[PDB]
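Enquirer: I'd like to ask some things about the structure below.
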Amino acid sequence: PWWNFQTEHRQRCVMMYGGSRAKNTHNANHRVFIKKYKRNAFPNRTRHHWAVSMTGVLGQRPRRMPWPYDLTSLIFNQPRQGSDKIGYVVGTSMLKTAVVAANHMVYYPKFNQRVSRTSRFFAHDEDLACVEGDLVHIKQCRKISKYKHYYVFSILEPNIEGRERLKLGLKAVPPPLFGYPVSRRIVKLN
Amino acid sequence: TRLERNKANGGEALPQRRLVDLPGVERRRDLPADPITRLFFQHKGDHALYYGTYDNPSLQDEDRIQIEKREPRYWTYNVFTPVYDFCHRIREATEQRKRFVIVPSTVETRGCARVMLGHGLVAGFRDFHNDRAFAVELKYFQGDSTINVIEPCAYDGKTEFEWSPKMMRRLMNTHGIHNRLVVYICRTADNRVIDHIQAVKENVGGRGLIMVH
Amino acid sequence: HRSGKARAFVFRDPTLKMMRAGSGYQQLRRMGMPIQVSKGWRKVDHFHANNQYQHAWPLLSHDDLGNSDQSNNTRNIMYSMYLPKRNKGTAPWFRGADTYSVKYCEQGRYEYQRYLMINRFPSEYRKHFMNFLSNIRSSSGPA
Amino acid sequence: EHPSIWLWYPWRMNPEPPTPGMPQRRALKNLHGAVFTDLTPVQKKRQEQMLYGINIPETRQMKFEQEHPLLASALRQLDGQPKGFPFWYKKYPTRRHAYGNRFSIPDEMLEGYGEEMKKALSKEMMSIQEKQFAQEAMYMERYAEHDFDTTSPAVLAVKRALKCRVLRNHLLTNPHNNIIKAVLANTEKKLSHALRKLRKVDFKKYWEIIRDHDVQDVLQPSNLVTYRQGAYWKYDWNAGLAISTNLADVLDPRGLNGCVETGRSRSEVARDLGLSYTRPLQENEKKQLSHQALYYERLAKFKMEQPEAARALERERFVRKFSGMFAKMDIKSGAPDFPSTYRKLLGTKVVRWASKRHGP
Amino acid sequence: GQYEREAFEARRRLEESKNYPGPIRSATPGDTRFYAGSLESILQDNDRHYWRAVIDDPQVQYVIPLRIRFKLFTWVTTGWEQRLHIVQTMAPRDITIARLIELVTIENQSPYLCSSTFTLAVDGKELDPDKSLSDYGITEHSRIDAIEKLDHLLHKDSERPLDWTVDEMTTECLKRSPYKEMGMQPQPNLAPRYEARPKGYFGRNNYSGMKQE
Amino acid sequence: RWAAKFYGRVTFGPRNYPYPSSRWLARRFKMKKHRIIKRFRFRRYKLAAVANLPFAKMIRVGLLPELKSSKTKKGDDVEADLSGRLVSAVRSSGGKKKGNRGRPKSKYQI
Amino acid sequence: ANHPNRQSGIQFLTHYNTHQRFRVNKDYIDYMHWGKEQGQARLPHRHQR
Amino acid sequence: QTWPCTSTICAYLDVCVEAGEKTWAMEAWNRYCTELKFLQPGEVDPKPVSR
Amino acid sequence: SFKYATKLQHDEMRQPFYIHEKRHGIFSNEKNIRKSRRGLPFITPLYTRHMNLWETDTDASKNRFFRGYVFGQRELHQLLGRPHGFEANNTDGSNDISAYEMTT
Amino acid sequence: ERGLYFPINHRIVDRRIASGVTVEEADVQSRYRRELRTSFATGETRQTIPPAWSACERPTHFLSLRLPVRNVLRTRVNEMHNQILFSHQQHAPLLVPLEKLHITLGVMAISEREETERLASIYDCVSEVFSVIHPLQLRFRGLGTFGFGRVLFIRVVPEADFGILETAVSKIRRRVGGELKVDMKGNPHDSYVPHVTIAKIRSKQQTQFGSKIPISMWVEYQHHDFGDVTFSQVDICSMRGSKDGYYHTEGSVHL
RNA sequence: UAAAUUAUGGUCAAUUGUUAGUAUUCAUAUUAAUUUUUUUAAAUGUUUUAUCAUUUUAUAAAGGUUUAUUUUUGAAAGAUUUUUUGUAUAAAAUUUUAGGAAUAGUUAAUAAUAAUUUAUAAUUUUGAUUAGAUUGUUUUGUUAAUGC
């Protein structure tokens, strides 16, 4: 067995008294990387590949991990994880549809520390109330479309500034000044 | 708990009225502190509405400097804390053979200080109710500091190290010899700040605050 | 070495090194943090059976399983050899019935059990309600 | 005539200028990075309202009257005459409120002195720092709660709004003073970080601010990269303003919540009580909805007078419900996103979709 | 039935009492559109997707879900078959059967069934197109049938469908209603593929309520 | 800058070496840099990058057949409009203009 | 520390918002003149200790 | 510790009937079905669902 | 800690079975046994745990993970208007209670 | 070819059909995407439902907030009427006149044998509530359906003063319902939805004009902004508009 | 801002290299291996049935996947004298590559609609789409041990 010493081994069939039966897999194997391309010729554009990958999920390293103990589990009891999610409703331009952006918990055991993470969800809102920014509660259901398994389960604060901005007519939120990051020196003059 | 069951027997049979006394004898005194040779005035208790907080202090002790907070800038920095800075105030002063240190004042900073003082690593401390600071008078021996080493449990604030009661029981067990030598300060769930010895005498573990010896 | 790895001016305290390891994967495991997504380990009749050793079976000395187990009686062979160990060479770990704390026997029944407030979706409340209804009216069909 | 091209020579430090070397004066972008070749007309009127000298508005006079009528009555009998006791001190509750002249010289002090002295200490000789600070105190006077608070959101927002205006007017006059670039940039970051609590504590002042200092560009989010996942919104959270709302006094808090027993939503309890929570919908959200409101009138006007076409599209759809790909319902069939539920089958077999993922 | 009868009894008594305040609409919950499971299921009119343990008020059912059992000629690829085709229409309680049948005409999505004008029936005797649903007693339970203008002819063999299993499909059949689309000669994909019931499915004779063999 | 200031870890001594870099390693890396600069200045290295290109993927103007220095090699394929821009601009950098901001005008520019 | 502007060292026993006395943007130490009264031009003055 | 509604008291009371033990029913009476009062002529018959 | 304590093939180093019953209702792994694609890689995620750990049930006074100021409680307090402070007088991370709870 | 295979728009499973019936016995093909349509897609404004007896009797007295002169609701309603007509000459005889305009905050079945005496105590309860209240500003935005499409009305939005107004009107509902046993329609404890009826199908037009106003006539305004307006007077009025246009002013309260 | 103990309570943490001025997880060690040794495997024809038919017997070939794989009694267990019901597709957390940017039968609502319905649609730098390696979340090895 594992707790036995190489030369004190006899029988790899059974474990006599007790312990842990397991196959001593061979982690020590010098996995390699066979260069099938040239440093200037890669069939990718963004992320080039030039050395072995560490593969897995719930196995990669730094060992990120699922942690339910976050804002959501501090505020709501849940039947099953992810049910209830609180966020700044951001993006509702799809008629009767909200995009609620609420966080989860990514715990790093090795470091002994956390980082909660962002996610733009789909969230049905029949009758079109929420505006971009209302801190809202979102709950899960039966699905609503390809992508919305949620529905606007409340408001926690309505963006009253925004609602009046619409009433007056303007855009309830001005749009971002710049786009996504590009690589071309776009020369805007006048 | 056994030294009270037969010390509280003094109940008369009647649930008698409780006696009224002088206007005030039940008020807590203030701790004496000379006003002219001093670090800070031991601020009274009556001004308990004048006291601000560590983060946001009042305007008291204009004669004296004020410690500043310890809050980093980026991702790439460790996030210090009063427990870190109090440990390295004390480490540098015991390395400079000072006497009084003006050490940050948070609930578990003076928590660590009251138990260090109970454990004799410190000749004394004082909370002047200074919303920001309080002073730790250091003890020396044979030229060398009694606080041989003093470490924070975490060089970071973003990493709280909750100690299992078994973790804290495997410190007082040096290879079969029960060893309460190195004193470890951990802040339990009850918002108390206690050494690992009373923490494992009641089998609760707490946030790791400091190691010291 | 402006471009070398950093080295501690002094060894860190090994006690601190231990205390920083109460929240890492190898203790999350034996807390219960993972949700087992696969078969996990090979429980039964794969090469590596676990569950037959999971409880305690006395010592089988029926033939030479290697150490002449059947006429050689193996006092010292069991300590050094088959009583499992804490790592290769460490002392025999004994999971005995006298190496567990005597507060374990003195417990009344089901006291370890704490009020578990479990909440289930609304529709899921309805489901399980109609189900234990149907099943108090009739559990098995005719029997 | 074509994208400007710089001829970098690698042996050198850095390139040559462009042959269409378009600009001459570097163009001065905002806090988050957009141009202004000058300030809005609001702000140029706010420059002429700063360099003509602001006079103390009569609101202070009238509040002093209907507030301290006894000091006013004393002044009422004492008007014009060389005063030896300050019957206006309660009118000027602080050094700074006396911005109508120089050196905090309150108006009712210079009577007996020379007209030339009154000319010397009037709004005509105020230094430029004096005049900027004068506007500052006047505005921090009419936006503050009590005349000693200078740390209110509105106080700070207006103070830094005037501040950033004088900064921009400095810059759009003198371009290469880039410590002052990093003056305006950080100052505007704080003015935004204050207005984004103002519009969370009382937006009325916020819009009076908006439309009197014409600064919406310092609230306007810059980078979609952030405001896609809602981080330009998280700020009024982080400051602690997620609940500085008073819905109990704007938006009737009854229907804004689901239930726990039911599980139904905000608008469905608003259904089961009959209340109308819905923003103003733009014309697009209006027309899509009117169109979704007439589909059944279309069905009734379709099947009833052209049941030929009703039947024709019957044939079209009735063949299609059997042709095509799938006909039964499996999870393989109706996993509600085929292309990404089945990744192993998109480049080789199922060339219908060109990418494995199209949604969140 | 012990439910329809009794709920009608009480639904009636409720208005046999004038001393009744009305329902507290905020406390009379609707049904939830979002629920657990997977589908957008429809429960009854009296039923909620959640638990509502109350015995809520038995309210009158304004629009009835009326079920009309048409006759759709199906094509198992071994003949044409007669099978039940209910079209459950949500129809009010005040409507004349004329408008009810206009309604079903608009409601169907298979115009295999609304090619020629048809009529209603209950246990045979037709309903007139001048009276209304309660004029006979149409609930959602009225075990209604539907009868086309050519129902008395389907024992016959003149308009009976000319199938390519046993009959000659000419070219003119290849431009007429079902057969232009039915897909006679199998494409590489067999393009519109239909059902298929064996020639020996039921046994030697066809489907009957009573045991023949 | 698009240039690499240090062509090499000039600063490498033991940590706390109270200087940016020892004069030895500085000379070693100035020799590497003299080789790089003479390679560039002598193969008449010319690069370029114009607006609304992916500015990271540089242009090799010295690898154009109109400005080629080699004869047996083929420099690079470049669209015709962009080529007529660039090589005209390379000719344009052959002189500095009185009445404008002057420039460092080298022989190896032509 | 052998970098210039790191000779000030680690002073945890100052008041400043840092322990790294060379990162305190506040009181850059004159090096030639101070120290007559406080030891070295690093340590804080005897009216701020 | 649950509150047997009228239906449930009736139910258990049938049970007491059939088993023939008055004690069994007297406590359900003492405990729960005491504040049950007949419908006095003025008051509404089926007071609506409230919660 | 040690190896034999990391070896999860003993049970004492494992949270027992009956806790998936105490969580998802007794005998509710069976309805997943009887499932179709049960066994190829995945199974129904078996929720054996300590009960004192559930994100569902427990609170900041039970679960030592809940009073993590770094990201959990800090946002809790920036939401609940409490004074959140690093080494706070209240163990979770709160300096004291907020205006709302103070009053109501 | 342009969407999912088995869309969840059509993913439906009706459970008022018995079990097995759709399996092997019978087909139930219908159109379920109109019985699963939302009040936001129809217009069902959940009006307080009167029970049997109070439904049998006609509204006799009704509390209403009066519109001031020179409104915005009046002018936007005027253009809505212009477009109703230019759309259809059919629909003029269904619209409510502009002068009959009011704001309905409650209807009440009052008996004439105890008529004026009950009106007086009701007036006490109304003035004792609206005495300390300030003049009320409300929001008109987007119409709805009373009587299952029979009545079209410009609901006042709950977004400016519905909180205060409904504390008031549920107080006076409780008072008129449980204190002085008058018949407000619903429960003494319900809150009647304040409403501005702009058109209606009346029993005298049911026969010819229908039991559901044609949602095509008005649905372009179902979510239109009709204006925010201020008002100062809550009046109990008897149901007789032909007096001078506006219904018989059986009591007023200024704010 | 109090000491306390009715005396080891609750069950083992413990690091074993001959270096070569000094800075630095970095040749030589030991542990688990692999290189290495035939004490675990193995066969063909599945089997009934009334019969040219039909009842019974459902995840190992690869197939290249990192926003991914999920589902029931109606089969069977399964018991009676008959018509007998409401529990399922959904998710949620974690996702690689030095030099990092655009991708597409598209997103939502209507729909048991629209191969030409409506629209300011959706994915993305919180690192998207292409391409590359790769089987995805109680099995080991080392270490006193977070790890690796």
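In the structure tokens, each chain is lettered A, B, ... as it comes, each chain's residues begin at 1, and ligands are numbered from 1 in order of appearance.
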Could you pull out all residues of stretch 70-127 of chain B with a DSSP call of strand (DSSP E or B) and give them as a PyMOL selection string?

Expert: chain B and resi 100-104+124-126

Enquirer: Could you list, as a PyMOL selection string, every residue within 8 Å of residue A:173, counting only C-alpha atoms (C1' of nucleotides) and ignoring same-chain residues fewer than 6 positions away?

Expert: (chain A and resi 132+162) or (chain D and resi 220)

Enquirer: Dump N, CA and C atoms for the selected residues as a compact mmCIF listing (two decimals), in the first residue's frame?

Expert:
# COMPACT_ATOMS: atom_id res chain seq x y z
N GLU A 132 -31.41 51.30 -16.70
CA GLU A 132 -30.03 50.96 -16.44
C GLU A 132 -29.60 51.56 -15.12
N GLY A 162 -32.66 58.61 -13.45
CA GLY A 162 -32.84 58.09 -14.79
C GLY A 162 -34.28 58.15 -15.25
N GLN D 220 -20.64 61.33 -18.23
CA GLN D 220 -20.70 60.46 -19.39
C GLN D 220 -19.63 59.38 -19.32

Enquirer: Could you list, as a ChimeraX atom specification, every residue within 7 Å of residue I:92, counting only C-alpha atoms (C1' of nucleotides) and ignoring same-chain residues fewer than 5 positions away?

Expert: /I:67-69,73

Enquirer: Please provide as a PyMOL selection string all residues within 9 Å of residue C:143, with the sequence filter that same-chain residues fewer than 4 positions apart are discarded (counting only C-alpha atoms (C1' of nucleotides)).

Expert: (chain C and resi 139) or (chain K and resi 79-80)

Enquirer: Could you write out that same residue set with N, CA and C atoms (P, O5', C5', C4', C3', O3' and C1' of nucleotides) as a PDB file, in the first residue's frame?

Expert:
ATOM      1  N   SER C 139     -49.173   5.012  -1.122  1.00  0.00           N
ATOM      2  CA  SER C 139     -47.745   4.949  -1.415  1.00  0.00           C
ATOM      3  C   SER C 139     -47.436   3.953  -2.526  1.00  0.00           C
TER       4      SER C 139
ATOM      5  P     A K  79     -46.927  -7.152 -10.612  1.00  0.00           P
ATOM      6  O5'   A K  79     -47.421  -7.863  -9.285  1.00  0.00           O
ATOM      7  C5'   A K  79     -48.670  -7.505  -8.703  1.00  0.00           C
ATOM      8  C4'   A K  79     -48.847  -8.155  -7.353  1.00  0.00           C
ATOM      9  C3'   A K  79     -50.127  -7.808  -6.605  1.00  0.00           C
ATOM     10  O3'   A K  79     -50.540  -8.924  -5.820  1.00  0.00           O
ATOM     11  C1'   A K  79     -48.241  -7.063  -5.368  1.00  0.00           C
ATOM     12  P     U K  80     -51.781  -9.837  -6.285  1.00  0.00           P
ATOM     13  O5'   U K  80     -53.031  -8.859  -6.207  1.00  0.00           O
ATOM     14  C5'   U K  80     -54.093  -8.994  -7.132  1.00  0.00           C
ATOM     15  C4'   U K  80     -55.240  -8.075  -6.808  1.00  0.00           C
ATOM     16  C3'   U K  80     -56.305  -7.971  -7.888  1.00  0.00           C
ATOM     17  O3'   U K  80     -57.269  -8.997  -7.753  1.00  0.00           O
ATOM     18  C1'   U K  80     -55.689  -5.801  -7.116  1.00  0.00           C
TER      19        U K  80
END

Enquirer: How far is it from atom CA of residue D:265 to atom CA of residue A:153, in Å with one decimal?

Expert: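 So the two atoms, atom CA of residue D:265 and atom CA of residue A:153, lie 4.4 Å apart.
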